[PDB]
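Worksheet: one structure, shown below.
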Amino acid sequence: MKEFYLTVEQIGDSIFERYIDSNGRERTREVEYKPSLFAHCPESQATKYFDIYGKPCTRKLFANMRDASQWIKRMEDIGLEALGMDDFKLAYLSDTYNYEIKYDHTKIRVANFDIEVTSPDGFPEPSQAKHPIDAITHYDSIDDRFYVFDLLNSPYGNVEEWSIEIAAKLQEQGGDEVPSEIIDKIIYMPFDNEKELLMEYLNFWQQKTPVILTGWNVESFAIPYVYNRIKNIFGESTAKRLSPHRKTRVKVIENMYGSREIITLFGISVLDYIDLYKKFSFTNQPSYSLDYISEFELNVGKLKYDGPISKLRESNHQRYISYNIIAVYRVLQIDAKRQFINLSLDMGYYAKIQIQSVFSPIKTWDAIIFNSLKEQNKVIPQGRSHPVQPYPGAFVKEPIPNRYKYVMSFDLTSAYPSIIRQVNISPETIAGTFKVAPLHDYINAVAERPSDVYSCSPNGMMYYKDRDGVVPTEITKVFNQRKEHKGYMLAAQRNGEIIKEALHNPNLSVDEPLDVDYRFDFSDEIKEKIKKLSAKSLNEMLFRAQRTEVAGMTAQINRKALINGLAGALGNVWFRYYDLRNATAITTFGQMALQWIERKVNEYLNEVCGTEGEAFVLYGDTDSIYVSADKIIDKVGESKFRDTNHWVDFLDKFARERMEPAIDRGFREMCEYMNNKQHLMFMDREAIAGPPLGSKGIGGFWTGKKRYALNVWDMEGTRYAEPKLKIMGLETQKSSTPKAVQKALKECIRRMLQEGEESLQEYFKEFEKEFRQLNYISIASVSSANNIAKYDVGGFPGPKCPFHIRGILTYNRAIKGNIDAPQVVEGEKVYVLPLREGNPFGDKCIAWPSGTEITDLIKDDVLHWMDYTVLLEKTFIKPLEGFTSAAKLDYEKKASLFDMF
DNA sequence: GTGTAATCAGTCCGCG
DNA sequence: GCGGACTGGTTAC
Ligand SMILES: [Ca+2]
Ligand SMILES: [Ca+2]
Ligand SMILES: [Ca+2]
Ligand SMILES: [Ca+2]
Ligand SMILES: [Ca+2]
């Protein structure tokens, strides 16, 4: 097989590499790698190396990496550019793996672990590690085993061995319900002292040294705790055995405010699952506890135990260990679904970077571009310092707030990457500038044509047309990958809808789900078999279809994010290819494209309707247009349609056969006007929206920019069994909005769009009467809590104290004296409730850690003093008033003459 | 740990 | 009470 790296490090003048050899074996080596860098040289000097602008370079080969680094500094002292890849491990990988890497995930040791630490005096700080580690569960992907290290004897209690038999039993048998599918995969090791536990853990680690190390909060808790605890008991040298090269760095993270300590383990790639989830999931959660995320992702119930975790080991060691094992498994289940580890390996190996560098699109693109250029013997420019400067972005149309009955939307496929490709925007393709007219003049095609030679953006930039830039070249490759995966995702989605339809008529039989590939549209034969299946089999198939869709989603959306990040990186001063001319070329072209096509669509529809000056485009954001279809429907007449699906077909056909060709003609003209390299503006229909046929539903409404709701029947070619709400920006979509309030507001919107004013009024009246019964967590607001200390003046709110910070200070006073009772953590999220006048907490609100029940000793008082009236007005009525006034609807029935009877 | 545009909640305080 | 200046936080692209 072809070799591939596992990890790479620079340690002094040595590259330390773990890799899989041609026989599939893991090996380690130390290489005295001699790096090359580059200097510009005279024209008269024969060379094969050129910088990206075509200027010749001489290669300088250094005796070692430190000599190369020292040369960089002296070049700075002289005032000359030192060219080439200054991150020598990336150069090493480029030399050692000079081919497209094919990796075998089954040979990569992926370790998933979690530790337990009993602490009678608050949260166990990893920097101090003053308490015994009393459990470790470590899952190894190569063995497919859960290794459980269990401390039976501690200063905080001596306990009995954990029983696998009890662990397997149902909760109703007194068991822990450890899933049957992992029972046979547990290797359980009890220890009568912590020293032997840790020594054996380290011997185990040596035997089965993780390549990828993951788990939940492992980077911020488990890794530093384990490292520091071993360090405290045995000394530094023993702790460094966590690194296969015995090198670690105690590395401090610097961001917005304050700092925290992480341990870099050389020769390991740590991908904390919480960080993977935050970067790759495109959710924003009210809480990031594993309980919370597991329930959301997998629909598993919260791990239930009595009393605080600080007393769980002594009171119920059996459950204590079972829950540690289950916690590790839940992360594996989340990954089975989301496939973020797979994604990281794919992207890491593609770029030829340390796998953990997938968190940095700048590092990722730096490596992609370096490897691409190196292939042609080209030499990358040196990174330079630049001042941070603001620059302009997208155009967003101001919508007239209103209901909108029938709506068809369209937007550009991969807008910014397509602009880069079309215009040929790249550091080395800059051809010069032209004299810019106001944007309006380009939009209306009255400005002088910018160039007859070069490809142009309305910001004044010109680009070469003879050859593709490296940025267009490399962005195209990842775009094509994105396109492939999105194809699979949409097929799985369409397949899902077929199953949902079939589920209206399940068969009374006993059978099996069909063995099919959900990434491809079901054949006619498959469709026929599905119509004969039982509900049980159909439901299993739907589950599998949806899992396939999720897998496609992960693969496609994060590839989209990477290519969009390249466009963004052009405007970040740390990017090697930072250039505000290029960043702005993209954004300004985008502004033109949207407004150009708005004009073209209006002109087209006025023509086919025989009107003049009528605005069919009601809204747009960045690269999208929303077109009112009322006049199109009315030209045929609502009475001519058999059912909702009939007019949906009609608009679908109209968009595909009339609008899109008109849109395409409009964009080809714009391409020619800007003299672009290649027409790549592809604005396909997104949504077909409207009320159910014959209903009093309003179909859709906008309250303002980035705030709207649509009742959608078909989304990018997916025809839904049931209409789906596309809601953007409204409170139903915000993690800050209470969960029950999101739900209630969404039902109000559903009723508005699908059923009408009377239905909305009926629901509002019920919610208002019943809502005080809702669980307090479900009606609590959510906020991130930064700078708690800044606003804390002797335990009370300082000037300009934010509402949620005020709540935290209230909480702090209320729990004063406890070494127990959860502390609010700087930077994490809190639930927030308003408090009625004259409450015993002495302020107007209280806040506590999100994803948790508020501590027992104040829970009762919070419940008693919760201000339901303020909560309702602020989170529910105020937003609903905004929705209904925009839609010209009343949420409460107004008086009428009929009341006289 | 790529980017800008945008609405909103809340504080403070003016507005005769 | 609403709005502007401001901070804080979050979402649409
Ligand atoms: Ca735990
Ligand atoms: Ca788009
Ligand atoms: Ca599309
Ligand atoms: Ca059937
Ligand atoms: Ca869009």
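Keep in mind that the numbers below use all heavy atoms, side chains included, and drop hydrogens, waters and symmetry copies. So that the names make sense, note that chain A is the first sequence line, chain B the second, and so on, each numbered from 1.
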- Query: To the nearest 0.5 Å, what is the distance between OH (A:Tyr577) and CD1 (A:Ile369)?
  - Reply: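 Interatomic distance, A:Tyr577 OH to A:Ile369 CD1, rounded to 0.5 Å: 5.5 Å.
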Nearest whole Å is fine: how far is [N] [atom2] from [X] [atom1]?
{"X": "A:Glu731", "N": "B:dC8", "atom1": "CD", "atom2": "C1'", "value": "7 Å"}
{"X": "A:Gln389", "N": "B:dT2", "atom1": "CD", "atom2": "P", "value": "19 Å"}
{"X": "A:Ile253", "N": "B:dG1", "atom1": "CD1", "atom2": "P", "value": "10 Å"}
{"X": "A:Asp366", "N": "B:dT2", "atom1": "CG", "atom2": "P", "value": "11 Å"}
{"X": "A:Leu871", "N": "B:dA9", "atom1": "CG", "atom2": "P", "value": "14 Å"}

Using a cut-off of 4.0 Å on non-hydrogen atoms, how would the nucleic acid contact of [X] be classed: base, sugar-phosphate, or nothing?
{"X": "A:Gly393", "answer": "sugar-phosphate"}
{"X": "A:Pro879", "answer": "nothing"}
{"X": "A:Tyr391", "answer": "sugar-phosphate"}
{"X": "A:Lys278", "answer": "nothing"}
{"X": "A:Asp275", "answer": "base"}
{"X": "A:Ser735", "answer": "sugar-phosphate"}
{"X": "A:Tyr791", "answer": "sugar-phosphate"}

Does a side-chain N or O of [X] approach OP1 or OP2 of [N] to a distance below 4.0 Å, or not?
{"X": "A:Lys878", "N": "B:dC8", "result": "no"}
{"X": "A:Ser784", "N": "C:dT10", "result": "yes"}
{"X": "A:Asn786", "N": "C:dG8", "result": "no"}

- Item | For A:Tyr708, the option from A:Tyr404, A:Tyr626, A:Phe701, A:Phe883 that meets ring-ring contact (aromatic ring centres under 6.0 Å, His included) |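 When A:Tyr404, A:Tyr626, A:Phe701, A:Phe883 are each tested with A:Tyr708, the ring-ring contact (aromatic ring centres under 6.0 Å, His included) holds only for A:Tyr626.
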- Within the 6.0 Å centroid threshold, strictly below: A:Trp365 and A:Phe575: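 No.
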- Pick the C1' atom in C:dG8 and in B:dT2, then give their distance to the nearest Å. 23 Å
- Between A:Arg559 and A:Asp346, is there a salt bridge with N-O shorter than 4.0 Å? yes
- Would you call A:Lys477 and A:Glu474 a salt bridge, using N to O less than 4.0 angstrom?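 Salt bridge: yes.
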- Message: If you assign A:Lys790 and A:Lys734 each to the DNA chain C nucleotide with the nearest heavy atom, which residue ends up on the more 5' nucleotide?
- Response: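 Result of the comparison: A:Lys790.
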- A:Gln733 or A:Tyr257: which one's nearest nucleotide on DNA chain C is closer to the 5' end? A:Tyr257
- Does A:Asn564 or A:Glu398 map to a spot on DNA chain B nearer the 5' end, using the closest nucleotide for each?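 Upstream on the strand: A:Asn564.
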- Message: On the side chain of A:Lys706, is there an atom forming a donor-acceptor pair with the base of B:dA6 - under 3.5 Å, no angle test?
- Response: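 No pair found.
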